[PDB]
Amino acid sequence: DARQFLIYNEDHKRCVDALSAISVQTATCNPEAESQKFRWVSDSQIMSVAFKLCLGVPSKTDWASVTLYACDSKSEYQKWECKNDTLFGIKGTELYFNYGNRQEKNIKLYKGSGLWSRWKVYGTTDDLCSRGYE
């Protein structure tokens, strides 16, 4: 399923790993691990293959945790977009999908746009929207 992919951070050499509805962390990349597999289910939403829930946040705020919510096309809190040069974040807001700061294991929204807010399709040099729509 070429549609399903792993979400990879080059600097850490690690991949996103869905642990539960309230916990999305990282792990050593394993393309066999269903918990590491995601897929776009619309132009803006990314679904966990293992949980059949969509990546989202409680609010568009710095250091909000990114975890998993029932997929809802009308929710503005589970809409993502590619920014430039593999930068990835909330649609319409300068808050980025981020990992690596403060010993925090969960993916966070962060204002910073450095190497830890940059994400590729694992096994490619392409941004996450290379597996999406539009």
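The numbering used is simple: start at 1 and walk along the sequence shown.
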Exercise. Is the mean CA B factor in the deposited entry higher across 62-70 or across 78-86?
Worked result: 78-86
For this session: Specify which of 35, 26, 98, 42 carries the largest Cα B factor in the deposited PDB entry.
Result: 42
Exercise. Thinking about Cα B factors across the chain, which third does residue 48 belong to?
Worked result: middle
Problem set entry | residue 20, C-alpha B-factor rank within chain (lowest, middle or highest third) | middle
Seminar exercise, completed: Of the three thirds of the chain ranked by Cα temperature factor, residue 2 occupies the highest
Exercise. Among the chain's modelled residues, which third holds the C-alpha B-factor of residue 30?
Worked result: middle
Exercise. Thinking about Cα B factors across the chain, which third does residue 108 belong to?
Worked result: lowest
